[PDB]
Amino acid sequence: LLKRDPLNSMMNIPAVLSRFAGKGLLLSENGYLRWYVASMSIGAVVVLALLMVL
Amino acid sequence: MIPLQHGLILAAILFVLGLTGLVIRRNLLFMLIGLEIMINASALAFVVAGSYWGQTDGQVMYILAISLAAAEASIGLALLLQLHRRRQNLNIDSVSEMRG
Amino acid sequence: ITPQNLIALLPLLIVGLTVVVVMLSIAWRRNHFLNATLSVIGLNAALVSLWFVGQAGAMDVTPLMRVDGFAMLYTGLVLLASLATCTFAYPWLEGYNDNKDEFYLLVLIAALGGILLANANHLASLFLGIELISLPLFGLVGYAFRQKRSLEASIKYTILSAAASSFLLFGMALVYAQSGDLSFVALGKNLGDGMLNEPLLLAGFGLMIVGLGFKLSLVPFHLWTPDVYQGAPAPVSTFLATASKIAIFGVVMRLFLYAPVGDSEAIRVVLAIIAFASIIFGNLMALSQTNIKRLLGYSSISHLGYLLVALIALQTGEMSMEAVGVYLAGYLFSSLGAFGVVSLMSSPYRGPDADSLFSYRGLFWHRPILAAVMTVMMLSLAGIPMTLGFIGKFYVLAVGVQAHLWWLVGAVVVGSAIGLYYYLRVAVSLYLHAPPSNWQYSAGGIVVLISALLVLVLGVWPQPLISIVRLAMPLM
Amino acid sequence: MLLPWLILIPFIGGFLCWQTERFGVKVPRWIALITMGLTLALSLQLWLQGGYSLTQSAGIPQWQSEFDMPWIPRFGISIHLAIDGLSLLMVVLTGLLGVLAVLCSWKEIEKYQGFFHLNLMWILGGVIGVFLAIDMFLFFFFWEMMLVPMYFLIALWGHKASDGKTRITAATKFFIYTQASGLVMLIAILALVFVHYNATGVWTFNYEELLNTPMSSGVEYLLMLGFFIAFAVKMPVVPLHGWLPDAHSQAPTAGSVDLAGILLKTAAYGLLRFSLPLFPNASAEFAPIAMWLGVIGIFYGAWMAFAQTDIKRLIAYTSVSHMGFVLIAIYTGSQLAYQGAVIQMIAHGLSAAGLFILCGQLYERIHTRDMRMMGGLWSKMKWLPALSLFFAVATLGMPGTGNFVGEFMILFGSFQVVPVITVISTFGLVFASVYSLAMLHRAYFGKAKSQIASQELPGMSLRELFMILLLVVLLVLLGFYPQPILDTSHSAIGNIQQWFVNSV
Ligand SMILES: CCCCCCCCCCCCCCCCCC(=O)OC[C@H](COP(=O)(O)OCCN)OC(=O)CCCCCCCCCCCCCCCCC
Ligand SMILES: CCCCCCCCCCCCCCCCCC(=O)OC[C@H](COP(=O)(O)OCCN)OC(=O)CCCCCCCCCCCCCCCCC
Ligand SMILES: CCCCCCCCCCCCCCCCCC(=O)OC[C@H](COP(=O)(O)OCCN)OC(=O)CCCCCCCCCCCCCCCCC
Ligand SMILES: CCCCCCCCCCCCCCCCCCCC
């Protein structure tokens with residue numbers, strides 16, 4: 001039951017999570033200038049709202 | 001007699017209109033037009049702020065803003081001419097080769 | 001206006017006179033060698049004249065400008081970045097069939113804007129310095145406009161930087177509407193008794209944060225960075241990543257230092273979220289990158305996140321300014337060497353049609369010393385000890401521990417581990433197996449070798465850099 | 001005075017090994033042997049002139065030697081070296097293992113052998129620097145600068161039969177584990193320095209001044225936990241162990257890298273020298289967790305060792321089980337168990353060095369590590385199966401070898417402190433016997449299970465045979481006469497024990 005070293009796999013889990021998160025984040029780098037402007041305006045909205053709620 | 005808030009709100013309205021025109025348009029020319037709208041709105045806000053305090057600094061910042069607007073309009077229209085020369089269309093979605 | 005104030009202005013005057021002289025020399029004849037030499041002579045002269053400005057002292061040359069050792073340190077970093085850019089640009093521009101001389105004029109004018117941002121003490125001077133480093137970068141990013149990727153990067157950077165300039169200008173206008181004074185020290189003066197967090201002041205600072213965080217590649221204003229870095233010419237990528245980031249973060253450092261609204265808790269929390277997201281996202285997006293330009297763009301996002309962590313601890317700590325100075329020296333040398341190795345392997349410019357892929361795999365077996373420099377900078381940007389990048393990481397961790405910024409400290413550790421993965425992947429790919437000849441290319445190799453030796457020496461022995469950064473003090 | 005040269009001699013020797021690469025391909029091995037022998041003989045000289053057996057516990061700090069030179073005075077950082085009995089035993093072990101590592105890679109005649117020697121001596125000098133530094137930043141600096149040469153030789157000089165992607169993956173896993181844990185330790189160091197500066201008002205990274213740091217209960221726990229996470233990645237403590245079998249399997253074929261970097265136990269030294277005196281109350285509360293992690297390490301490493309078909313992975317998991325014993329020993333607070341842990345560290349270094357050298361030789365002769373492809377090797381080899389039998393007999397803790405002295409002195413002290421954990425650990429010794437006999441039966445006994453095991457194999461060279469026999473003689477002498485080793489480290493162990501039990 002232990003021959004595959006389960007503790008090593010459970011400690012290897014954060015590497016899998018990092019690879020999945022990086023692959024998911026790289027989808028936003030689609031190369032569209034209009035989406036880049038849209039993301040700038042979205043970030044402006046988020047920053048302004050965060051500054052207003054404190 | 002004129003509120004400062006009304007001038008600031010008018011500048012904000014023009015700024016968000018320019019931002020909307022920048023985002024929704026696929027043609028690069030209308031993107032440059034929206035950029036001109038946003039920078040003119042910012043210059044108008046500076047004029048309103050300078051006129052409220054009775055200072056020359058608002059008009060000076062207006063002069064600096066329109067100097068920037070002239071330079072950016074020149075450079076952007078040069079780039080648009082280059083795009084129309086190379087690709088024969090002004091679709092900004094086709095200029096999307098670099099990604100990842 | 002005093003003549004001692006004229007002595008405080010010498011970097012600005014020397015760079016402007018170099019601009020005029022190089023322009024007139026181009027008007028006489030188009031000589032790449034002579035105009036490039038005149039440009040590097042003017043930049044070297046301004047770097048030398050920083051000593052005379054240091055002997056002049058420290059004073060407020062205008063309601064706009066203020067010069068102290070803080071400003072001279074930032075001026076020196078910007079001038080060194082510009083000199084390295086010109087040195088890398090000459091073997092690059094040797095292959096450029098169009099006019100090779102406008103490059104140096106734009107580089108010099110951008111260095112002038114960097115100097116203004118180094119010395120800026122005023123919203124007008126900050127706006128002017130931002131635009132003066134931006135518009136020549138519009139020209140330089142698309143200097144090879146016939147190349148498809150360079151034209152794409154030029155259009156992207158021009159549109160997005162015009163939008164960010166509009167955001168920054170609108171925020172400045174709202175701040176001036178509240179305050180009635182464009183001086184840095186008066187941004188929050190008319191408030192008091194706990195009424196520091198005025199909503200219009202905070203929203204104006206938020207729009208300025210949007211513009212400057214675009215300029216600093218901070219998440220979520222960061223998506224332009226890999227595309228613009230990949231599409232731009234490699235010396236232009238070097239100049240952007242070093243000079244633009246250093247000058248704008250220096251002026252942001254100064255703005256948050258003297259503005260009384262810099263002690264606002266809301267801006268601190270927003271900048272903490274931005275720094276956290278920048279570190280994590282920039283490290284995570286560079287995991288699976290086979291292109292060194294995009295990888296270095298994501299790396300720049302993470303390193304500016306670390307710098308922002310040092311920025312948040314400004315008011316609570318005391319060693320925050322020194323931390324920013326030491327980190328910026330290490331980052332300048334590291335990014336200079338990295339993008340310089342990329343530049344000399346991308347030199348000469350092969351044309352608008354041929355690919356400009358780096359192909360770092362197996363670099364040691366045909367070009368070994370540059371491979372050694374490249375892996376030294378990979379270790380330095382990873383923050384590994386024996387490198388000055390570690391010394392900067394140690395300073396950032398010290399100011400995060402002293403200010404009890406535990407979330408940002410944990411972000412630094414986790415993003416450091418992810419960075420270790422991708423940086424070590426690049427550094428070991430340099431020594432795997434893969435399937436110039438003038439003195440200017442040798443000068444570029446000299447520049448990257450010198451920067452690598454400096455980062456190694458100040459990794460093992462960091463005390464001189466610490467002492468000379470501590471020598472710089474502002475007019476508090 | 002002679003400790004700065006103790007760190008500097010390996011660095012200069014590796015630098016000259018790289019520099020005189022132009023004079024020949026077989027040149028740098030002699031330079032490597034010269035500098036490792038010089039470090040070893042200098043350590044033996046300082047041992048012989050130390051007079052540790054006539055030293056009485058007079059509190060902490062108490063060094064045989066110390067040296068301070070200001071390096072970063074802005075933070076109060078200095079090159080601060082020191083040595084006493086325990087650290088001297090560790091550096092003598094480091095010198096002996098470095099000499100064995102140089103002798104192990106003797107026939108590696110490659111174009112870039114000089115750079116491999118430079119990396120090896122950077123590793124050895126870094127291990128010695130960790131063992132000698134008493135400035136916290138400087139100790140952390142050596143702790144992390146051991147990493148880069150080890151990464152580069154695992155990734156580039158590693159096990160050639162496996163693909164380069166596997167070696168790169170193992171190297172990156174090892175680097176990420178140890179460097180992330182080192183950064184956590186750096187965070188703990190910085191927080192401790194800042195807490196002392198807030199309490200008093202002076203910048204210092206000196207270990208002797210940070211000892212008297214008034215902290216609340218819970219901050220001390222967090223500092224101890226950061227130190228323990230670093231020292232538990234490098235110990236290895238489960239579940240932070242898997243880098244160790246993947247790094248051993250992808251280590252270079254000769255076996256020198258196993259000796260130089262891994263088989264020196266700097267994490268146990270760090271727990272004894274830094275975790276217990278700086279945070280004694282926090283270590284006292286943490287002791288049951290560390291003891292049960294040690295028990296889990298013993299049995300899990302034994303079961304993992306039995307399950308392997310690769311010999312090198314089996315030996316790596318054996319190391320995991322033995323260090324579980326050591327981890328139980330360190331947190332007992334018992335002088336007898338501490339001395340047993342010192343003996344166990346030295347005996348584990350010698351025995352695992354012998355096992356890894358013999359496994360590298362066996363792989364050289366049979367070109368496979370798979371135990372289902374070998375059998376009946378007692379009738380095919382002249383010296384290797386019997387020496388492997390000796391080192392597997394020492395591995396299970398047979399009396400007459402130093403491993404028995406270490407394990408049973410640990411168990412005597414632990415039974416004086418924690419009886420149930422001691423009982424479970426002795427059944428772990430039964431498990432050790434089981435996996436050692438399993439490896440002996442699968443490798444050298446029975447019938448040949450393939451074609452390479454049916455052929456007579458060449459006998460070992462005289463250099464490898466003599467270094468294996470030197471390890472055998474040292475292990476037997478440790479088992480039958482461990483008294484000089486105990487008298488060497490009695491004062492330092494006594495001072496650490498007294499500081500640990502007189503503060504709780
Ligand atoms: C993912 C990898 C990285 C690890 C995670 C990142 C680090 C996490 C650290 C969490 C720290 C939580 C602190 C909670 C209280 C903070 C506010 C407070 O009340 O502080 C009290 C005290 C300041 O008051 P003072 O009068 O100075 O007290 C002197 C006594 N020390 O404060 C102090 O005196 C200073 C307290 C410092 C505490 C130690 C911080 C570092 C500890 C080592 C690393 C974290 C633990 C190990 C790793 C966990 C698992 C990853
Ligand atoms: C016991 C708990 C308490 C103590 C905690 C101590 C924490 C520090 C010490 C332990 C660190 C554990 C790190 C585990 C992952 C190590 C890296 C690794 O395994 O990399 C290998 C893998 C690449 O190999 P492969 O599977 O072949 O992938 C092909 C790639 N296309 O790589 C990849 O696939 C990508 C790797 C990305 C970078 C590594 C992951 C970093 C994640 C954050 C680490 C910091 C700690 C966070 C908390 C961990 C859990 C407690
Ligand atoms: C992509 C992957 C990465 C991202 C996902 C994974 C998560 C990464 C982050 C993990 C770490 C999270 C933060 C851990 C530290 C929390 C600190 C904290 O809450 O401290 C509270 C308190 C502070 O002390 P306090 O009591 O306030 O002191 C003043 C008066 N005494 O503290 C105390 O009083 C002491 C509390 C001690 C217990 C808390 C720390 C647990 C650490 C767990 C790991 C280590 C476990 C032990 C070793 C295992 C084997 C190696
Ligand atoms: C830790 C600080 C930096 C240390 C130096 C890092 C490496 C620099 C380059 C030195 C020369 C490298 C030569 C590599 C040869 C590889 C041969 C492989 C053969 C299989």
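Numbers restart at 1 for each chain; the letters A, B, ... are given by sequence-line order, proteins then strands.
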Residues in side chain to side chain donor-acceptor pair (under 3.5 Å) contact with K215(C), at least two apart in sequence or another chain:
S134(C), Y157(C), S161(C)
Just to verify, what does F70(C) make a ring-ring contact (aromatic ring centres under 6.0 Å, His included) with, not counting sequence neighbours?
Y74(C)
Hey, is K189(C) close enough to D181(C) for a salt bridge, meaning N to O under 4.0 Å?
no
Please tell me if the side chains of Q230(C) and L296(C) come closer than 4.5 Å, counting only heavy atoms from C-beta onward.
no
For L112(C), which residues count as a side-chain contact (heavy atoms from CB on, under 4.5 Å) partner, sequence neighbours excluded?
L12(C), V15(C), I109(C)
Between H404(C) and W406(C), is the ring centre distance below 6.0 Å?
yes
Would you indicate whether the side-chain heavy atoms of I267(C) and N197(C) approach each other to under 4.5 Å?
no
Closest non-hydrogen contact found for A232(C) with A153(C) is N-CB, 3.9 Å
Worked check of side-chain contact (heavy atoms from CB on, under 4.5 Å) between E29(A) and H222(C)
CA-CA 10 Å; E29(A) 296 274 1; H222(C) 68 289; 4.1 Å; yes
Gap separating the CD1 atom of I248(C) from the CG atom of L216(C), nearest 0.5 angstrom
6.0 Å
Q178(C) versus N190(C), side-chain donor and acceptor atoms under 3.5 Å
yes
Please identify each residue that fulfils ring-ring contact (aromatic ring centres under 6.0 Å, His included) with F194(D), with sequence neighbours left out.
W203(D)
Working to the nearest 0.5 Å, report the span between CD1 of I66(B) and OG of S42(B).
13.5 Å
Rounded distance [0.5 Å steps], CD1 in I33(B) versus CD in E36(B):
9.0 Å
ring-ring contact (aromatic ring centres under 6.0 Å, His included) filter on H303(C), not counting sequence neighbours, yields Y306(C), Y327(C), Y331(C)
Centroid separation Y62(B) to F46(B) less than 6.0 Å
no
Step through the shown structure and confirm whether more than 12 heavy atoms of other residues, nucleotides or ligands are within 6.0 Å of CE on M52(A).
yes
Does a side-chain heavy-atom distance below 4.5 Å link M31(B) with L33(A)?
yes
Grab the two heavy atoms, one from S165(C) and one from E72(B), that are nearest each other, plus how far apart they are.
OG-OE2, 4.0 Å
Distance col, row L168(C):CG vs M208(C):CE, nearest 0.5 angstrom, shows 5.5 Å
Is there a side-chain hydrogen bond (donor to acceptor under 3.5 Å, both in side chains) between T316(C) and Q402(C) once you walk through the steps?
CA-CA 8 Å; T316(C) 321; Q402(C) 171 162 38; over 6 Å; no
Tightest non-hydrogen contact, residues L475(C) and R66(C), listed as O-NH1, 3.2 Å
Grab the two heavy atoms, one from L201(C) and one from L196(C), that are nearest each other, plus how far apart they are.
CD2-O, 4.4 Å
Has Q315(C) got more than 12 heavy atoms of other residues, nucleotides or ligands less than 6.0 Å from its CD?
yes
Residue set satisfying side chain to side chain donor-acceptor pair (under 3.5 Å) with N27(B), at least two apart, ordered chain then number -> none
If you take all heavy atoms of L405(C) and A313(C), which pair is closest and at what distance?
CD1-CB, 4.0 Å
Exceeds 12 heavy-atom contacts within 6.0 angstrom, atom OH of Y258(C):
yes
Can you tell me how far the CZ atom of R26(B) sits from the OH atom of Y32(A), to the nearest 0.5 Å?
10.0 Å
Which of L54(A), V53(A), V47(A), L48(A) passes side-chain contact (heavy atoms from CB on, under 4.5 Å) with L51(A)? Answer is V47(A)
Do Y298(C) and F281(C) pass the ring-ring contact (aromatic ring centres under 6.0 Å, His included) test, and can you show the C-alpha distance, the side-chain angles, and the key distance before you say yes or no?
CA-CA 8 Å; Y298(C) 301 129; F281(C) 280 21; over 10 Å; no
How long is the span from the CG atom in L117(C) to the CG atom in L255(C), to the nearest 0.5 Å?
11.5 Å
Under the criterion side-chain hydrogen bond (donor to acceptor under 3.5 Å, both in side chains), I'd like the reasoning laid out for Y422(C) against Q289(C): C-alpha separation, chi angles, the key distance, then a yes or no.
CA-CA 8 Å; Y422(C) 73 77; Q289(C) 290 299 323; over 6 Å; no
With a 4.0 Å cut-off on N to O distance, would you call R294(C) and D227(C) a salt bridge?
yes
Please report the C-alpha distance between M65(C) and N121(C) in whole Å, then the side-chain angles of each, then the deciding distance to 0.1 Å, and finally whether the side-chain contact (heavy atoms from CB on, under 4.5 Å) criterion is met.
CA-CA 5 Å; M65(C) 210 150 102; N121(C) 208 23; over 6 Å; no
